[PDB]
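Only one structure is covered here, and it is reproduced in the block below.
Number of protein chains: 4
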Amino acid sequence: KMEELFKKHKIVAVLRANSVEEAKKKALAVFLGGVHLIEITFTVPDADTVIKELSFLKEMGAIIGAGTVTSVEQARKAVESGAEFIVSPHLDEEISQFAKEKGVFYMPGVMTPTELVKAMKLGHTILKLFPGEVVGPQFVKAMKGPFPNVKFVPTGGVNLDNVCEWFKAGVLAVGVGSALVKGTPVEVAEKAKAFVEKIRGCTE
Amino acid sequence: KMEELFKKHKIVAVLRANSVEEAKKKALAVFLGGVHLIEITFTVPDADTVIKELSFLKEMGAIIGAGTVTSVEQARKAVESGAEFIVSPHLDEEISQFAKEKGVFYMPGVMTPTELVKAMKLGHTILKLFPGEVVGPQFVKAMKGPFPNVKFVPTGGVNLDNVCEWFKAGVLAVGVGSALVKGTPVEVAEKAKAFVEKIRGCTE
Amino acid sequence: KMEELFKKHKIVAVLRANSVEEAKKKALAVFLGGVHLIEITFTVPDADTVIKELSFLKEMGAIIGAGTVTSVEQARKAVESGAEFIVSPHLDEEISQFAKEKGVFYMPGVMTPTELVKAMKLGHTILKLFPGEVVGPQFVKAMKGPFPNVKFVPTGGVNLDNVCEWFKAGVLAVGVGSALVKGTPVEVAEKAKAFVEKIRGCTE
Amino acid sequence: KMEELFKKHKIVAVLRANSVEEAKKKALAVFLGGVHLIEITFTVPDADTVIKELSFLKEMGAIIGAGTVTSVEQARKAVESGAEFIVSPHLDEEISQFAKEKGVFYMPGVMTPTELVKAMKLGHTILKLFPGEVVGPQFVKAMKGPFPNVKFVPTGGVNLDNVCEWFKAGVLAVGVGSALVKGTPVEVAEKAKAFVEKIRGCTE
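Protein chains in written order, with the authors' numbering: chain s, 115 to 318; chain H, 115 to 318; chain C, 115 to 318; chain Q, 115 to 318.
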């Protein structure tokens with residue numbers, strides 16, 4: 115179900131903020147701009163409170179998840195607060211097992227073929243590629259040969275100029291951080307609209 | 115308390131829409147653009163449902179009221195759904211009495227000196243001026259002589275070009291309909307920001 | 115039935131004259147020019163005699179009514195003389211009740227939202243807007259928001275240059291006085307034809 | 115008697131001031147400039163004292179009345195202080211009845227055909243038109259058709275440029291406020307002379 119949501123929506127807002135209020139305002143702004151997949155990172159103060167207080171957006175068709183999850187304790191708080199997916203920057207076997215037992219989609223971060231194969235052995239075929247700005251679209255193209263069934267969601271350095279190159283490399287979706295979420299709520303809503311239009315114009 | 119909110123915020127979004135979903139999206143858009151006073155008109159389908167489902171914005175500092183109220187039945191539904199103020203296009207003695215008994219702020223609409231004096235005799239000193247595009251800022255200036263203590267909130271034809279003329283005439287606030295609320299959610303948020311900046315630039 | 119006649123014919127001749135003979139000649143002239151709705155105003159001397167003596171035009175498809183009715187006494191004389199509709203410059207509760215008891219269409223005049231709501235509470239949804247030259251087409255557009263089911267027939271200052279602006283504002287019909295009825299019988303018949311052609315050219 | 119004074123003098127000074135002393139100085143200035151009808155508005159501090167202290171000007175042929183009367187209490191104080199006429203911005207049934215019982219001329223303010231007909235039913239045929247700057251000379255021309263016997267005294271926005279247009283529309287007299295009464299006593303006397311000369315030059 116989560117794979118079909120990533121495939122349909124093609125973009126995840128990777129939300130970093132300095133407060134609960136700033137995070138909520140930015141989550142609303144990206145949703146009003148047409149971004150339905152919203153990742154509340156655990157670098158946001160009280161990220162569990164932010165996820166819980168955004169739960170009303172699910173009735174409007176938002177999908178609220180947790181990102182930068184680095185412990186089972188954080189994964190637990192995220193799920194208890196109503197996170198619909200979990201994202202980490204790394205591969206975490208304890209978070210993988212916890213997410214499997216809870217029936218919650220987990221997207222581990224990988225950077226190498228060895229980490230990719232470890233993630234596959236834990237049952238993961240949809241992988242965060244992080245940092246995307248270091249490995250680039252070339253890594254995604256290289257992995258298509260030996261790993262044809264693995265799908266990537268790159269995070270890091272995705273912007274309006276390179277987003278169509280990522281889709282041409284064969285990514286499932288993109289995780290967009292500062293290029294989307296940096297600025298005032300109005301500028302964030304305008305950037306969200308521009309990303310949705312740019313992605314549509316190179317994936318239809 | 116409601117007078118000080120009108121004086122502080124200086125703008126009310128007069129929200130007309132064809133559905134509950136459109137009304138909610140536009141209410142969020144004006145709030146994200148910095149408009150805190152939001153009038154859900156009873157020409158919106160299920161306007162009571164819209165008011166109830168927007169109640170979470172009150173925790174963010176939105177003030178949600180009802181507009182185009184033309185019966186005590188509509189006034190009751192609005193208050194039960196959590197409306198914080200009532201607005202009508204006309205003077206209504208039954209709505210005035212009901213609002214007084216409920217302890218809810220009522221802003222009747224007036225167009226004439228006779229209707230103004232009737233509204234004052236019912237205890238109203240803050241009056242909707244409607245239609246504002248017919249009577250203009252000249253009516254507000256004319257009423258300052260005989261009625262120095264009456265304050266107006268004009269509705270109808272208020273736009274970015276004339277809003278500062280309304281404040282120069284001595285209005286308390288402005289009710290803005292189609293010039294703010296018409297368009298996509300993104301265009302409505304941008305127009306809300308432009309109205310807030312324009313009003314600030316001629317009232318500070 | 116009267117609503118469908120106003121909707122079909124789109125124009126009422128508002129007939130003012132200084133004698134019975136002048137009124138009859140002008141009523142014939144507007145009818146020969148294609149205007150079927152003819153309002154004999156009670157500012158015409160012996161207006162009841164004029165209505166009675168024009169009764170033969172009903173067999174030709176003219177609809178003869180009374181205008182400038184300001185008392186139940188005048189309303190009675192108009193109906194007894196065979197008036198098919200009553201028009202007043204104001205809202206009159208006694209004329210409203212009398213017209214309801216007689217089963218005769220009454221079109222009250224209104225200028226304000228408060229008078230409009232009073233007229234609606236008396237069962238009137240088709241309202242004379244008077245004076246039309248003071249409130250303009252902007253008033254009709256403003257009333258469409260809060261009062262979508264109310265239909266206007268403006269009277270006062272309607273002419274060949276502005277008649278299409280009134281229809282674009284969403285009026286049901288127009289009441290035309292001096293711009294149609296002033297002049298010789300020949301000039302009145304030519305003006306009637308010009309109004310019918312102008313209205314057709316912007317309402318089809 | 116008051117109708118013939120309005121018809122003869124054609125102008126009423128509508129006197130607003132911030133003190134008894136300023137009001138008296140301005141009343142003297144307009145009288146020395148040839149304006150005999152002087153309306154002391156109840157927005158003047160101690161307006162009853164001003165009327166009483168101007169009573170000596172009646173021996174010189176000044177006609178001193180009260181304006182902006184909005185209660186029977188104010189009407190009583192005005193009459194007890196020697197007001198020769200009462201003016202209000204609105205139609206007031208209690209002031210109408212009180213003025214009738216006292217045998218004092220009352221000129222109610224009206225803005226609509228409905229208020230006009232209410233004023234006529236209370237015995238008033240000479241009406242203040244207020245605010246004159248909103249309804250304009252076009253309203254006076256429109257009322258001549260349905261209400262040939264009603265006479266208007268417009269107040270609000272009357273000045274040296276438009277005063278002759280008001281007389282061409284068929285007003286009985288004009289009420290002149292800020293265009294006459296604003297300035298030093300010398301400037302007010304010069305403006306009074308200029309208004310009297312301008313009115314004479316378009317009404318003789």
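Here a beta-carbon is modelled for each residue, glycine too, at the ideal position from N, C-alpha and C.
Here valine 264 of chain H carries a coil assignment [DSSP, helix/strand/coil]. For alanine 131 of chain H, the closest Cβ of chain s is not nearer than 8 Å. In the displayed model, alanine 189 of chain H falls within a helix according to three-state DSSP. DSSP places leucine 119 of chain s inside the alpha helix (DSSP H), whose first and last residues are 116 to 123. Nearest CB-CB separation between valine 295 of chain Q and chain H: not below the 8 Å threshold. Flagged as an interface residue toward chain Q: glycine 259 of chain H, by a C-beta distance shorter than 8 Å.
Residues of the segment 239 to 257 of chain H with a Cβ closer than 8 Å to any Cβ of chain C, in chain order: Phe244, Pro245, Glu247, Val248. Between the alpha carbons of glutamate 208 of chain H and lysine 235 of chain C lies a distance of about 14 Å. Between the segment 294 to 304 of chain C and the segment 271 to 289 of chain Q there are fewer than three inter-stretch CB-CB distances shorter than 8 Å, so the stretches are not counted as touching. Relative to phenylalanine 244 of chain C, the option among C/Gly259, C/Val285, C/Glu118 whose CA is nearest is C/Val285. For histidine 204 of chain Q, at least one C-beta of chain H is nearer than 8 Å to its own C-beta.
Taking CB atoms only, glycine 237 of chain C has no neighbour in chain Q less than 8 Å away. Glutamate 208 of chain H is bridged by DSSP to nothing; it lacks a bridge partner. Look at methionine 225 of chain C: its C-beta is under 8 Å from a C-beta on chain Q. Against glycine 270 of chain H, the close residues of chain C are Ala256, in the order they occur along the chain (beta-carbon pairs closer than 7 Å). The Cβ of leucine 230 of chain H sits no closer than 8 Å to any Cβ of chain s. Only exposed fits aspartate 275 of chain s, as fewer than 16 other CB atoms lie within 10 angstroms of its CB. About 7 Å separates the beta carbons of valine 267 of chain s and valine 126 of chain s, which is inside the 8 Å limit, making them a contact pair.
The beta carbon of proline 260 of chain Q sits closer than 8 Å to those of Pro227, all from its chain and outside the five residues before and after it, given in chain order. A straight-line Cα-Cα distance of about 22 Å links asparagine 132 of chain s and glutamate 194 of chain s. In the DSSP assignment, the residues bridged to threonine 269 of chain H are H/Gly289.
Per the DSSP secondary-structure output, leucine 243 of chain s pairs in a beta bridge with s/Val224, s/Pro268.
Take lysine 166 of chain C, set aside five residues on each side of it, and the residues of its chain with a beta-carbon closer than 8 Å to its own are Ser195, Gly196, in chain order. Judged by DSSP secondary structure, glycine 181 of chain C falls within the beta strand (DSSP E) whose first and last residues are 177 to 181.
A Cβ-Cβ separation of about 17 Å leaves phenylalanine 253 of chain s out of contact with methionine 221 of chain s under the 8 Å criterion. The C-beta separation of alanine 303 of chain H from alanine 303 of chain s comes to about 6 Å, placing the pair in contact by the 8 Å criterion.
If the five residues before and after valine 149 of chain s are omitted, its C-beta is found closer than 6 Å to the C-beta atoms of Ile125, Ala127, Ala306, all from its own chain and listed in chain order. With its beta carbon at least 8 Å from every one in chain H, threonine 317 of chain Q lies outside the interface. Between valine 186 of chain Q and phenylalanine 145 of chain Q the beta-carbon gap is near 29 Å, outside 8 Å, which marks them as no contact. Around the CB of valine 248 of chain s, fewer than 16 other CB atoms lie within 10 Å, so the residue is classed as exposed. Apart from the 5 residues on each side of it in sequence, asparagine 273 of chain Q sits with its Cβ closer than 7 Å to the Cβ of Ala293 in its chain, given in chain order. Interface residue (Cβ-Cβ distance to chain Q less than 8 Å): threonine 157 of chain C is classified as such.
Residue environment analysis places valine 300 of chain Q among the exposed positions, since fewer than 16 neighbouring C-beta atoms fall within 10 angstroms of its C-beta. Beyond the five residues adjoining it in sequence on each side, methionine 225 of chain H comes within less than 8 Å, by CB distance, of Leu243, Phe244, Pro245, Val248, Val249 in the same chain, given in chain order. Shown here for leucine 230 of chain s: same chain residues with a beta carbon closer than 8 Å to its own, the five before and five after excluded, namely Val224, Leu241, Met257, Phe261, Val264 in chain order. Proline 222 of chain Q is outside the set of residues whose beta carbon lies under 8 Å from a beta carbon in chain C.
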